[PDB]
>>> print(open('entry-v8.txt').read())   # compact mmCIF, N, CA and C atoms
# COMPACT_ATOMS: atom_id res chain seq x y z
N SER A 289 -8.52 -147.12 -12.47
CA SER A 289 -9.16 -145.76 -12.59
C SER A 289 -10.53 -145.83 -13.24
N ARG A 290 -11.49 -145.06 -12.73
CA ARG A 290 -12.83 -145.03 -13.31
C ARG A 290 -13.54 -143.71 -12.99
N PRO A 291 -14.48 -143.30 -13.87
CA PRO A 291 -15.23 -142.08 -13.59
C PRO A 291 -16.08 -142.24 -12.33
N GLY A 292 -16.08 -141.23 -11.48
CA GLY A 292 -16.90 -141.24 -10.27
C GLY A 292 -16.16 -141.59 -9.00
N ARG A 293 -14.90 -142.02 -9.12
CA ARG A 293 -14.03 -142.32 -8.00
C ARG A 293 -12.72 -141.59 -8.26
N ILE A 294 -12.10 -141.07 -7.20
CA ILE A 294 -10.76 -140.51 -7.29
C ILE A 294 -9.89 -141.12 -6.20
N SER A 295 -8.74 -141.64 -6.62
CA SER A 295 -7.77 -142.31 -5.75
C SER A 295 -7.24 -141.36 -4.69
N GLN A 296 -6.79 -141.93 -3.58
CA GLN A 296 -6.12 -141.15 -2.55
C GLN A 296 -4.94 -140.33 -3.07
N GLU A 297 -4.15 -140.93 -3.95
CA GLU A 297 -2.98 -140.27 -4.51
C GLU A 297 -3.35 -139.01 -5.28
N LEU A 298 -4.36 -139.12 -6.14
CA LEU A 298 -4.79 -137.97 -6.93
C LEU A 298 -5.50 -136.96 -6.05
N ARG A 299 -6.23 -137.42 -5.05
CA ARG A 299 -6.87 -136.52 -4.10
C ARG A 299 -5.89 -135.62 -3.39
N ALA A 300 -4.73 -136.17 -3.02
CA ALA A 300 -3.71 -135.37 -2.33
C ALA A 300 -3.16 -134.31 -3.26
N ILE A 301 -2.97 -134.69 -4.52
CA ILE A 301 -2.44 -133.80 -5.51
C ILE A 301 -3.41 -132.67 -5.86
N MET A 302 -4.69 -133.02 -5.91
CA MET A 302 -5.80 -132.08 -6.19
C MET A 302 -6.22 -131.23 -4.99
N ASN A 303 -5.82 -131.66 -3.80
CA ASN A 303 -6.35 -131.14 -2.52
C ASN A 303 -7.87 -131.30 -2.48
N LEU A 304 -8.33 -132.54 -2.69
CA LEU A 304 -9.76 -132.86 -2.68
C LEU A 304 -10.04 -133.93 -1.64
N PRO A 305 -10.39 -133.52 -0.43
CA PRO A 305 -10.72 -134.51 0.61
C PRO A 305 -11.91 -135.39 0.24
N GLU A 306 -11.92 -136.60 0.81
CA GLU A 306 -13.02 -137.45 0.72
C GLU A 306 -14.25 -136.71 1.21
N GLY A 307 -15.35 -136.96 0.55
CA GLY A 307 -16.61 -136.33 0.92
C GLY A 307 -16.95 -134.98 0.32
N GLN A 308 -16.09 -134.49 -0.58
CA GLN A 308 -16.28 -133.16 -1.18
C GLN A 308 -16.42 -133.32 -2.67
N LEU A 309 -17.34 -132.57 -3.27
CA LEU A 309 -17.51 -132.69 -4.71
C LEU A 309 -16.28 -132.09 -5.40
N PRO A 310 -15.90 -132.68 -6.54
CA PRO A 310 -14.76 -132.17 -7.23
C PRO A 310 -15.04 -130.78 -7.83
N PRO A 311 -14.00 -130.04 -8.15
CA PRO A 311 -14.16 -128.61 -8.44
C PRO A 311 -14.85 -128.31 -9.77
N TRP A 312 -15.01 -129.29 -10.62
CA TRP A 312 -15.78 -129.16 -11.88
C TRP A 312 -17.29 -129.29 -11.69
N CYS A 313 -17.74 -129.55 -10.45
CA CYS A 313 -19.16 -129.66 -10.13
C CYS A 313 -19.99 -128.51 -10.65
N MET A 314 -19.59 -127.29 -10.34
CA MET A 314 -20.39 -126.11 -10.75
C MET A 314 -20.50 -126.02 -12.26
N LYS A 315 -19.41 -126.26 -12.96
CA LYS A 315 -19.44 -126.19 -14.40
C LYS A 315 -20.33 -127.33 -15.00
N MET A 316 -20.34 -128.52 -14.39
CA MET A 316 -21.23 -129.58 -14.89
C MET A 316 -22.69 -129.23 -14.65
N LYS A 317 -23.00 -128.55 -13.55
CA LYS A 317 -24.39 -128.10 -13.35
C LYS A 317 -24.80 -127.12 -14.45
N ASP A 318 -23.84 -126.31 -14.92
CA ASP A 318 -24.12 -125.31 -15.97
C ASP A 318 -24.19 -125.87 -17.38
N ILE A 319 -23.24 -126.75 -17.69
CA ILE A 319 -23.04 -127.18 -19.05
C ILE A 319 -23.66 -128.55 -19.34
N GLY A 320 -23.84 -129.35 -18.30
CA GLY A 320 -24.37 -130.68 -18.44
C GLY A 320 -23.35 -131.74 -18.06
N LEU A 321 -23.86 -132.95 -17.96
CA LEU A 321 -23.08 -134.12 -17.61
C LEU A 321 -22.21 -134.53 -18.79
N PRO A 322 -21.21 -135.38 -18.54
CA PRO A 322 -20.30 -135.76 -19.66
C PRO A 322 -21.02 -136.28 -20.89
N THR A 323 -20.66 -135.69 -22.01
CA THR A 323 -21.19 -136.06 -23.30
C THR A 323 -20.89 -137.55 -23.64
N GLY A 324 -19.77 -138.06 -23.09
CA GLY A 324 -19.36 -139.40 -23.30
C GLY A 324 -19.74 -140.42 -22.24
N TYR A 325 -20.48 -140.00 -21.19
CA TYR A 325 -20.96 -140.92 -20.18
C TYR A 325 -22.44 -140.66 -19.92
N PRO A 326 -23.29 -141.07 -20.86
CA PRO A 326 -24.72 -140.84 -20.71
C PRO A 326 -25.33 -141.38 -19.42
N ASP A 327 -24.78 -142.46 -18.88
CA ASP A 327 -25.35 -143.05 -17.65
C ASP A 327 -24.60 -142.68 -16.36
N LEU A 328 -23.68 -141.72 -16.43
CA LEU A 328 -22.99 -141.25 -15.21
C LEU A 328 -23.97 -140.49 -14.33
N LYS A 329 -24.02 -140.90 -13.06
CA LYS A 329 -24.78 -140.22 -12.00
C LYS A 329 -23.75 -139.57 -11.08
N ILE A 330 -23.94 -138.28 -10.79
CA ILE A 330 -23.03 -137.51 -9.90
C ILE A 330 -23.85 -137.05 -8.69
N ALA A 331 -23.34 -137.37 -7.50
CA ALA A 331 -23.97 -136.94 -6.26
C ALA A 331 -24.18 -135.44 -6.21
N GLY A 332 -25.41 -135.03 -5.94
CA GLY A 332 -25.78 -133.62 -5.90
C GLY A 332 -26.25 -133.05 -7.22
N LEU A 333 -26.13 -133.80 -8.30
CA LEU A 333 -26.62 -133.39 -9.60
C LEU A 333 -27.80 -134.29 -9.86
N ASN A 334 -27.54 -135.49 -10.40
CA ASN A 334 -28.60 -136.42 -10.80
C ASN A 334 -28.58 -137.75 -10.00
N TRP A 335 -27.91 -137.71 -8.85
CA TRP A 335 -27.79 -138.79 -7.89
C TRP A 335 -27.89 -138.14 -6.52
N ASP A 336 -28.51 -138.82 -5.56
CA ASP A 336 -28.70 -138.18 -4.24
C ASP A 336 -27.34 -137.77 -3.67
N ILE A 337 -27.27 -136.55 -3.08
CA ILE A 337 -26.02 -136.04 -2.49
C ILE A 337 -25.46 -136.95 -1.39
N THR A 338 -26.30 -137.75 -0.75
CA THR A 338 -25.85 -138.74 0.26
C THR A 338 -24.94 -139.83 -0.30
N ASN A 339 -24.87 -139.94 -1.63
CA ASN A 339 -23.92 -140.86 -2.26
C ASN A 339 -22.50 -140.30 -2.36
N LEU A 340 -22.31 -139.05 -1.96
CA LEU A 340 -20.98 -138.42 -1.90
C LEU A 340 -20.32 -138.91 -0.64
N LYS A 341 -19.62 -140.04 -0.75
CA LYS A 341 -19.16 -140.76 0.43
C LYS A 341 -17.80 -141.37 0.14
N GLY A 342 -16.84 -141.08 1.02
CA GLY A 342 -15.51 -141.65 0.89
C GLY A 342 -14.85 -141.16 -0.39
N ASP A 343 -14.26 -142.07 -1.15
CA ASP A 343 -13.62 -141.69 -2.40
C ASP A 343 -14.55 -141.61 -3.61
N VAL A 344 -15.85 -141.82 -3.39
CA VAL A 344 -16.83 -141.88 -4.47
C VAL A 344 -17.62 -140.61 -4.53
N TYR A 345 -17.76 -140.06 -5.74
CA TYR A 345 -18.73 -138.96 -5.95
C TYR A 345 -19.72 -139.24 -7.09
N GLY A 346 -19.51 -140.30 -7.87
CA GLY A 346 -20.39 -140.63 -8.96
C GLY A 346 -20.29 -142.11 -9.30
N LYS A 347 -21.19 -142.55 -10.18
CA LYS A 347 -21.25 -143.93 -10.58
C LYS A 347 -21.99 -144.06 -11.91
N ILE A 348 -21.52 -144.99 -12.77
CA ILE A 348 -22.25 -145.32 -14.00
C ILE A 348 -23.36 -146.26 -13.62
N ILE A 349 -24.61 -145.85 -13.86
CA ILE A 349 -25.79 -146.64 -13.46
C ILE A 349 -26.75 -146.67 -14.66
N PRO A 350 -26.68 -147.76 -15.46
CA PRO A 350 -27.61 -147.93 -16.59
C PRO A 350 -29.08 -148.16 -16.22
N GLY B 8 -9.19 -132.05 -34.00
CA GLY B 8 -10.36 -131.63 -33.21
C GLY B 8 -10.61 -132.48 -31.98
N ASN B 9 -10.07 -133.70 -31.92
CA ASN B 9 -10.34 -134.58 -30.77
C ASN B 9 -9.35 -134.44 -29.63
N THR B 10 -8.31 -133.62 -29.83
CA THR B 10 -7.19 -133.52 -28.89
C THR B 10 -7.21 -132.12 -28.23
N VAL B 11 -6.93 -132.11 -26.95
CA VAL B 11 -6.80 -130.88 -26.22
C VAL B 11 -5.40 -130.73 -25.69
N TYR B 12 -5.03 -129.47 -25.44
CA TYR B 12 -3.74 -129.13 -24.85
C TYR B 12 -4.00 -128.89 -23.36
N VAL B 13 -3.16 -129.46 -22.51
CA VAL B 13 -3.22 -129.28 -21.08
C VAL B 13 -1.92 -128.60 -20.65
N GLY B 14 -2.01 -127.50 -19.91
CA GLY B 14 -0.83 -126.75 -19.48
C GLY B 14 -0.80 -126.42 -17.99
N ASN B 15 0.36 -125.96 -17.53
CA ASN B 15 0.70 -125.64 -16.18
C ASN B 15 0.78 -126.88 -15.29
N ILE B 16 1.35 -127.94 -15.86
CA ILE B 16 1.44 -129.22 -15.20
C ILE B 16 2.78 -129.35 -14.48
N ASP B 17 2.72 -129.46 -13.15
CA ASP B 17 3.91 -129.70 -12.33
C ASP B 17 4.62 -130.96 -12.87
N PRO B 18 5.93 -130.90 -13.05
CA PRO B 18 6.64 -132.09 -13.57
C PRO B 18 6.57 -133.35 -12.73
N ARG B 19 6.09 -133.26 -11.50
CA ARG B 19 5.86 -134.47 -10.70
C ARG B 19 4.68 -135.30 -11.15
N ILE B 20 3.77 -134.67 -11.90
CA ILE B 20 2.57 -135.35 -12.33
C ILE B 20 2.90 -136.48 -13.30
N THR B 21 2.25 -137.62 -13.13
CA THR B 21 2.45 -138.78 -14.00
C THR B 21 1.36 -138.89 -15.05
N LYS B 22 1.65 -139.62 -16.13
CA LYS B 22 0.66 -139.85 -17.16
C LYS B 22 -0.58 -140.53 -16.61
N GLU B 23 -0.38 -141.47 -15.66
CA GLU B 23 -1.48 -142.23 -15.05
C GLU B 23 -2.38 -141.27 -14.24
N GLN B 24 -1.78 -140.25 -13.62
CA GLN B 24 -2.57 -139.23 -12.89
C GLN B 24 -3.40 -138.35 -13.82
N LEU B 25 -2.79 -137.90 -14.93
CA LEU B 25 -3.52 -137.19 -15.95
C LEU B 25 -4.69 -138.03 -16.50
N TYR B 26 -4.47 -139.34 -16.68
CA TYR B 26 -5.52 -140.20 -17.19
C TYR B 26 -6.66 -140.31 -16.17
N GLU B 27 -6.34 -140.57 -14.90
CA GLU B 27 -7.37 -140.64 -13.87
C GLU B 27 -8.19 -139.35 -13.79
N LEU B 28 -7.52 -138.22 -13.90
CA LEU B 28 -8.21 -136.94 -13.84
C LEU B 28 -9.15 -136.77 -15.01
N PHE B 29 -8.66 -137.00 -16.22
CA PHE B 29 -9.44 -136.60 -17.40
C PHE B 29 -10.53 -137.61 -17.73
N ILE B 30 -10.36 -138.88 -17.33
CA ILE B 30 -11.48 -139.86 -17.50
C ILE B 30 -12.66 -139.54 -16.58
N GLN B 31 -12.50 -138.68 -15.59
CA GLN B 31 -13.67 -138.16 -14.87
C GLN B 31 -14.58 -137.31 -15.75
N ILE B 32 -14.05 -136.77 -16.86
CA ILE B 32 -14.71 -135.75 -17.68
C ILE B 32 -15.23 -136.34 -19.00
N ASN B 33 -14.51 -137.30 -19.57
CA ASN B 33 -14.99 -138.04 -20.75
C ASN B 33 -14.01 -139.19 -20.99
N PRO B 34 -14.43 -140.19 -21.77
CA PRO B 34 -13.50 -141.25 -22.09
C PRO B 34 -12.26 -140.71 -22.82
N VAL B 35 -11.09 -141.23 -22.44
CA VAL B 35 -9.79 -140.78 -23.03
C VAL B 35 -9.21 -141.93 -23.84
N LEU B 36 -8.84 -141.61 -25.08
CA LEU B 36 -8.19 -142.58 -25.99
C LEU B 36 -6.74 -142.74 -25.70
N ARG B 37 -6.03 -141.62 -25.63
CA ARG B 37 -4.58 -141.65 -25.36
C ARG B 37 -4.12 -140.31 -24.86
N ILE B 38 -2.95 -140.34 -24.23
CA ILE B 38 -2.28 -139.14 -23.72
C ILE B 38 -0.87 -139.08 -24.27
N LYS B 39 -0.48 -137.94 -24.82
CA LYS B 39 0.93 -137.73 -25.26
C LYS B 39 1.50 -136.74 -24.23
N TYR B 40 2.56 -137.12 -23.53
CA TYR B 40 3.05 -136.32 -22.39
C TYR B 40 4.57 -136.13 -22.59
N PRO B 41 4.95 -135.07 -23.35
CA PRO B 41 6.35 -134.91 -23.82
C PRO B 41 7.34 -134.93 -22.69
N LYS B 42 8.48 -135.60 -22.92
CA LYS B 42 9.52 -135.73 -21.90
C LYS B 42 10.85 -135.42 -22.53
N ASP B 43 11.68 -134.69 -21.80
CA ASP B 43 13.10 -134.55 -22.12
C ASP B 43 13.72 -135.91 -21.75
N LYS B 44 14.18 -136.64 -22.76
CA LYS B 44 14.66 -138.01 -22.51
C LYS B 44 16.04 -138.04 -21.91
N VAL B 45 16.80 -136.95 -22.05
CA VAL B 45 18.12 -136.89 -21.45
C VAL B 45 17.98 -136.73 -19.93
N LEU B 46 17.09 -135.84 -19.49
CA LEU B 46 16.85 -135.62 -18.06
C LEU B 46 15.70 -136.42 -17.47
N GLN B 47 14.94 -137.13 -18.31
CA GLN B 47 13.73 -137.86 -17.87
C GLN B 47 12.81 -136.95 -17.09
N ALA B 48 12.51 -135.80 -17.68
CA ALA B 48 11.68 -134.78 -17.01
C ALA B 48 10.54 -134.42 -17.91
N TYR B 49 9.33 -134.44 -17.35
CA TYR B 49 8.19 -133.84 -18.07
C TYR B 49 8.34 -132.33 -18.20
N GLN B 50 7.59 -131.74 -19.12
CA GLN B 50 7.83 -130.39 -19.64
C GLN B 50 6.72 -129.39 -19.40
N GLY B 51 5.76 -129.77 -18.56
CA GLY B 51 4.66 -128.88 -18.16
C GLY B 51 3.41 -128.91 -18.97
N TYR B 52 3.31 -129.83 -19.93
CA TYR B 52 2.16 -129.84 -20.81
C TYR B 52 1.90 -131.21 -21.38
N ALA B 53 0.68 -131.40 -21.89
CA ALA B 53 0.29 -132.71 -22.41
C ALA B 53 -0.80 -132.51 -23.43
N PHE B 54 -0.98 -133.54 -24.26
CA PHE B 54 -2.05 -133.60 -25.23
C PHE B 54 -2.94 -134.77 -24.84
N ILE B 55 -4.21 -134.50 -24.65
CA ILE B 55 -5.18 -135.52 -24.28
C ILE B 55 -6.11 -135.71 -25.47
N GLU B 56 -6.09 -136.94 -26.02
CA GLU B 56 -6.94 -137.29 -27.14
C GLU B 56 -8.20 -137.97 -26.64
N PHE B 57 -9.33 -137.30 -26.87
CA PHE B 57 -10.67 -137.86 -26.67
C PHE B 57 -11.11 -138.58 -27.92
N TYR B 58 -12.30 -139.23 -27.87
CA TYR B 58 -12.73 -140.07 -28.98
C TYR B 58 -13.42 -139.29 -30.10
N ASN B 59 -13.82 -138.07 -29.81
CA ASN B 59 -14.47 -137.24 -30.83
C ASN B 59 -14.39 -135.77 -30.40
N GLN B 60 -14.80 -134.90 -31.32
CA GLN B 60 -14.62 -133.48 -31.14
C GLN B 60 -15.57 -132.94 -30.05
N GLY B 61 -16.80 -133.43 -30.03
CA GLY B 61 -17.74 -133.04 -29.00
C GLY B 61 -17.22 -133.29 -27.59
N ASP B 62 -16.57 -134.45 -27.40
CA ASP B 62 -16.11 -134.81 -26.10
C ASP B 62 -14.88 -133.94 -25.69
N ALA B 63 -14.04 -133.63 -26.66
CA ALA B 63 -12.93 -132.73 -26.42
C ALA B 63 -13.40 -131.30 -26.07
N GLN B 64 -14.32 -130.80 -26.87
CA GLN B 64 -14.90 -129.45 -26.59
C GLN B 64 -15.53 -129.38 -25.20
N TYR B 65 -16.26 -130.41 -24.82
CA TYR B 65 -16.85 -130.48 -23.49
C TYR B 65 -15.74 -130.41 -22.41
N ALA B 66 -14.69 -131.22 -22.59
CA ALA B 66 -13.58 -131.21 -21.63
C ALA B 66 -12.95 -129.82 -21.48
N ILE B 67 -12.77 -129.10 -22.59
CA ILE B 67 -12.15 -127.76 -22.53
C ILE B 67 -13.07 -126.84 -21.70
N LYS B 68 -14.36 -126.88 -21.98
CA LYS B 68 -15.28 -126.01 -21.28
C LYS B 68 -15.36 -126.32 -19.77
N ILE B 69 -15.28 -127.59 -19.41
CA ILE B 69 -15.40 -127.97 -18.03
C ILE B 69 -14.12 -127.77 -17.28
N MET B 70 -12.95 -127.99 -17.92
CA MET B 70 -11.70 -128.16 -17.16
C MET B 70 -10.76 -126.98 -17.20
N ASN B 71 -10.88 -126.09 -18.19
CA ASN B 71 -9.95 -124.96 -18.20
C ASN B 71 -10.08 -124.10 -16.96
N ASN B 72 -8.97 -123.83 -16.24
CA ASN B 72 -9.01 -123.03 -15.01
C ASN B 72 -9.85 -123.59 -13.87
N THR B 73 -10.06 -124.90 -13.86
CA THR B 73 -11.00 -125.51 -12.91
C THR B 73 -10.30 -126.25 -11.78
N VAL B 74 -9.19 -126.94 -12.05
CA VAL B 74 -8.53 -127.83 -11.06
C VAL B 74 -7.09 -127.35 -10.81
N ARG B 75 -6.64 -127.45 -9.56
CA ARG B 75 -5.23 -127.21 -9.23
C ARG B 75 -4.59 -128.53 -8.93
N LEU B 76 -3.45 -128.81 -9.56
CA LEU B 76 -2.62 -129.96 -9.24
C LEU B 76 -1.32 -129.43 -8.66
N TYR B 77 -0.97 -129.90 -7.45
CA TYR B 77 0.14 -129.32 -6.71
C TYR B 77 0.02 -127.79 -6.65
N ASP B 78 -1.18 -127.31 -6.39
CA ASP B 78 -1.50 -125.87 -6.26
C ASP B 78 -1.38 -125.03 -7.55
N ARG B 79 -1.13 -125.66 -8.69
CA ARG B 79 -1.01 -124.95 -9.96
C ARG B 79 -2.28 -125.19 -10.77
N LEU B 80 -2.89 -124.09 -11.21
CA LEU B 80 -4.17 -124.14 -11.92
C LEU B 80 -3.96 -124.62 -13.35
N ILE B 81 -4.62 -125.72 -13.67
CA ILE B 81 -4.49 -126.38 -14.96
C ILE B 81 -5.24 -125.66 -16.06
N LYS B 82 -4.57 -125.43 -17.17
CA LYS B 82 -5.16 -124.85 -18.36
C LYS B 82 -5.49 -125.92 -19.39
N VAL B 83 -6.65 -125.81 -20.04
CA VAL B 83 -7.10 -126.76 -21.06
C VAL B 83 -7.61 -125.97 -22.27
N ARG B 84 -7.01 -126.19 -23.44
CA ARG B 84 -7.27 -125.36 -24.63
C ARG B 84 -7.34 -126.22 -25.89
N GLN B 85 -8.03 -125.72 -26.91
CA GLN B 85 -8.17 -126.44 -28.17
C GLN B 85 -6.88 -126.38 -28.99
N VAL B 86 -6.54 -127.50 -29.62
CA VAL B 86 -5.33 -127.58 -30.43
C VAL B 86 -5.49 -128.59 -31.57
>>> encode(input="entry-v8.txt", output="structure tokens")
Amino acid sequence: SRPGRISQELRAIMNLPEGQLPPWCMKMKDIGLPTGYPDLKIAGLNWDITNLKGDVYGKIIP
Amino acid sequence: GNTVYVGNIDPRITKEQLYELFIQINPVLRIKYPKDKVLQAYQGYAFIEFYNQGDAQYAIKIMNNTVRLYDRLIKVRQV
């Protein structure tokens, strides 16, 4: 498990298809990125939206 | 101050699933996920311990009423 990827199993449980931003997206645009992951890049926020691909929506990029 | 309460959790949910979900929001130290040991059944709620109060407060603001697991809307509150 890691920030920026969600497993198939959890995706089914969340009803979050591959290629879709997770439902906390809007709130992160309002409140900011994780206080505990300064280098997290999220597609459509501070990483190009074209990186929203497959099971990935973000990545830690120092 | 570092721990949050998570509610409306379908008993099918596993501790590993709660961990995968909440590490999307901030680093997680530990999860306490109460179980009836006679029936081996989870009880609809959990305590997620973050590393500090700021990170817990952030999680509550981001996650309360935000995600459905098995179609049930997850509640996240300070405790």
>>> select_by_dssp(input="entry-v8.txt", residues="chain B", states="strand (DSSP E or B)", output="VMD selection string")
chain B and resid 10 to 14 35 to 39 42 to 43 48 to 49 52 to 57 75 to 76 79 to 80 82 to 85
>>> residues_around(input="entry-v8.txt", residues="residue 73 in chain B", least_positions_apart="5", cutoff="8 Å", atoms="all atoms listed in the file", output="number ranges by chain")
A: 310-312; B: 80-83
>>> write_last_selection(input="entry-v8.txt", atoms="N, CA and C atoms", output="mmCIF file, in the coordinates of the input")
data_model
loop_
_atom_site.group_PDB
_atom_site.id
_atom_site.type_symbol
_atom_site.label_atom_id
_atom_site.label_comp_id
_atom_site.auth_asym_id
_atom_site.auth_seq_id
_atom_site.Cartn_x
_atom_site.Cartn_y
_atom_site.Cartn_z
ATOM 1 N N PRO A 310 -15.900 -132.680 -6.540
ATOM 2 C CA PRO A 310 -14.760 -132.170 -7.230
ATOM 3 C C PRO A 310 -15.040 -130.780 -7.830
ATOM 4 N N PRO A 311 -14.000 -130.040 -8.150
ATOM 5 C CA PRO A 311 -14.160 -128.610 -8.440
ATOM 6 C C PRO A 311 -14.850 -128.310 -9.770
ATOM 7 N N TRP A 312 -15.010 -129.290 -10.620
ATOM 8 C CA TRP A 312 -15.780 -129.160 -11.880
ATOM 9 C C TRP A 312 -17.290 -129.290 -11.690
ATOM 10 N N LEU B 80 -2.890 -124.090 -11.210
ATOM 11 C CA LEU B 80 -4.170 -124.140 -11.920
ATOM 12 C C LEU B 80 -3.960 -124.620 -13.350
ATOM 13 N N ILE B 81 -4.620 -125.720 -13.670
ATOM 14 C CA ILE B 81 -4.490 -126.380 -14.960
ATOM 15 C C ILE B 81 -5.240 -125.660 -16.060
ATOM 16 N N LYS B 82 -4.570 -125.430 -17.170
ATOM 17 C CA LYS B 82 -5.160 -124.850 -18.360
ATOM 18 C C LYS B 82 -5.490 -125.920 -19.390
ATOM 19 N N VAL B 83 -6.650 -125.810 -20.040
ATOM 20 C CA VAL B 83 -7.100 -126.760 -21.060
ATOM 21 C C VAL B 83 -7.610 -125.970 -22.270
#
>>> interface_residues(input="entry-v8.txt", of="chain B", to="chain A", cutoff="6 Å", atoms="all atoms listed in the file", output="short mmCIF file (atom, residue, chain, number, x, y, z; two decimals) with N, CA and C atoms, in the frame of the given file")
data_model
loop_
_atom_site.label_atom_id
_atom_site.label_comp_id
_atom_site.auth_asym_id
_atom_site.auth_seq_id
_atom_site.Cartn_x
_atom_site.Cartn_y
_atom_site.Cartn_z
N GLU B 27 -6.34 -140.57 -14.90
CA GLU B 27 -7.37 -140.64 -13.87
C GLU B 27 -8.19 -139.35 -13.79
N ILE B 30 -10.36 -138.88 -17.33
CA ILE B 30 -11.48 -139.86 -17.50
C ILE B 30 -12.66 -139.54 -16.58
N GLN B 31 -12.50 -138.68 -15.59
CA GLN B 31 -13.67 -138.16 -14.87
C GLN B 31 -14.58 -137.31 -15.75
N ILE B 32 -14.05 -136.77 -16.86
CA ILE B 32 -14.71 -135.75 -17.68
C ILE B 32 -15.23 -136.34 -19.00
N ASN B 33 -14.51 -137.30 -19.57
CA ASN B 33 -14.99 -138.04 -20.75
C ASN B 33 -14.01 -139.19 -20.99
N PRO B 34 -14.43 -140.19 -21.77
CA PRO B 34 -13.50 -141.25 -22.09
C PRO B 34 -12.26 -140.71 -22.82
N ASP B 62 -16.57 -134.45 -27.40
CA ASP B 62 -16.11 -134.81 -26.10
C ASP B 62 -14.88 -133.94 -25.69
N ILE B 69 -15.28 -127.59 -19.41
CA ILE B 69 -15.40 -127.97 -18.03
C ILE B 69 -14.12 -127.77 -17.28
N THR B 73 -10.06 -124.90 -13.86
CA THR B 73 -11.00 -125.51 -12.91
C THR B 73 -10.30 -126.25 -11.78
N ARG B 75 -6.64 -127.45 -9.56
CA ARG B 75 -5.23 -127.21 -9.23
C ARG B 75 -4.59 -128.53 -8.93
N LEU B 76 -3.45 -128.81 -9.56
CA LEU B 76 -2.62 -129.96 -9.24
C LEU B 76 -1.32 -129.43 -8.66
N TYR B 77 -0.97 -129.90 -7.45
CA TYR B 77 0.14 -129.32 -6.71
C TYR B 77 0.02 -127.79 -6.65
N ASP B 78 -1.18 -127.31 -6.39
CA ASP B 78 -1.50 -125.87 -6.26
C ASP B 78 -1.38 -125.03 -7.55
#
>>> residues_around(input="entry-v8.txt", residues="residue 349 in chain A", least_positions_apart="4", cutoff="8 Å", atoms="all atoms listed in the file", output="list in words")
residues 326, 327, 328 and 329 of chain A
>>> atom_distance(input="entry-v8.txt", atom1="CA of residue 309 in chain A", atom2="CA of residue 38 in chain B")
25.2 Å
>>> residues_around(input="entry-v8.txt", residues="range 46-51 of chain B", least_positions_apart="3", cutoff="7 Å", atoms="all atoms listed in the file", output="number ranges by chain")
B: 13-19, 40-43
>>> closest_residue(input="entry-v8.txt", among="B:25, B:86, B:35, B:74", to="residue 11 in chain B", atoms="only N, CA and C atoms")
B:86
>>> residues_near_point(input="entry-v8.txt", point="(-18.1, -134.6, -2.4)", cutoff="8 Å", atoms="all atoms listed in the file", output="list in words")
residues 305, 306, 307, 308, 309, 310, 331, 337, 339, 340, 341, 342, 343, 344 and 345 of chain A
>>> build_atoms(input="entry-v8.txt", residues="range 62-71 of chain B", atoms="N, CA, C and O atoms", output="mmCIF file, keeping the file's coordinate frame")
data_model
loop_
_atom_site.group_PDB
_atom_site.id
_atom_site.type_symbol
_atom_site.label_atom_id
_atom_site.label_comp_id
_atom_site.auth_asym_id
_atom_site.auth_seq_id
_atom_site.Cartn_x
_atom_site.Cartn_y
_atom_site.Cartn_z
ATOM 1 N N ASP B 62 -16.570 -134.450 -27.400
ATOM 2 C CA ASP B 62 -16.110 -134.810 -26.100
ATOM 3 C C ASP B 62 -14.880 -133.940 -25.690
ATOM 4 O O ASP B 62 -14.762 -133.567 -24.544
ATOM 5 N N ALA B 63 -14.040 -133.630 -26.660
ATOM 6 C CA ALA B 63 -12.930 -132.730 -26.420
ATOM 7 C C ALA B 63 -13.400 -131.300 -26.070
ATOM 8 O O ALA B 63 -12.880 -130.667 -25.152
ATOM 9 N N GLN B 64 -14.320 -130.800 -26.870
ATOM 10 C CA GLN B 64 -14.900 -129.450 -26.590
ATOM 11 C C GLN B 64 -15.530 -129.380 -25.200
ATOM 12 O O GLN B 64 -15.363 -128.373 -24.484
ATOM 13 N N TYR B 65 -16.260 -130.410 -24.820
ATOM 14 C CA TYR B 65 -16.850 -130.480 -23.490
ATOM 15 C C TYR B 65 -15.740 -130.410 -22.410
ATOM 16 O O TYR B 65 -15.833 -129.649 -21.442
ATOM 17 N N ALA B 66 -14.690 -131.220 -22.590
ATOM 18 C CA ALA B 66 -13.580 -131.210 -21.630
ATOM 19 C C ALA B 66 -12.950 -129.820 -21.480
ATOM 20 O O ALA B 66 -12.613 -129.410 -20.359
ATOM 21 N N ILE B 67 -12.770 -129.100 -22.590
ATOM 22 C CA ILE B 67 -12.150 -127.760 -22.530
ATOM 23 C C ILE B 67 -13.070 -126.840 -21.700
ATOM 24 O O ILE B 67 -12.616 -126.137 -20.795
ATOM 25 N N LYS B 68 -14.360 -126.880 -21.980
ATOM 26 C CA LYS B 68 -15.280 -126.010 -21.280
ATOM 27 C C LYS B 68 -15.360 -126.320 -19.770
ATOM 28 O O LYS B 68 -15.460 -125.407 -18.929
ATOM 29 N N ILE B 69 -15.280 -127.590 -19.410
ATOM 30 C CA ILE B 69 -15.400 -127.970 -18.030
ATOM 31 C C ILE B 69 -14.120 -127.770 -17.280
ATOM 32 O O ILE B 69 -14.168 -127.397 -16.090
ATOM 33 N N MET B 70 -12.950 -127.990 -17.920
ATOM 34 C CA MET B 70 -11.700 -128.160 -17.160
ATOM 35 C C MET B 70 -10.760 -126.980 -17.200
ATOM 36 O O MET B 70 -9.892 -126.891 -16.362
ATOM 37 N N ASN B 71 -10.880 -126.090 -18.190
ATOM 38 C CA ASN B 71 -9.950 -124.960 -18.200
ATOM 39 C C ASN B 71 -10.080 -124.100 -16.960
ATOM 40 O O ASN B 71 -11.152 -123.666 -16.664
#
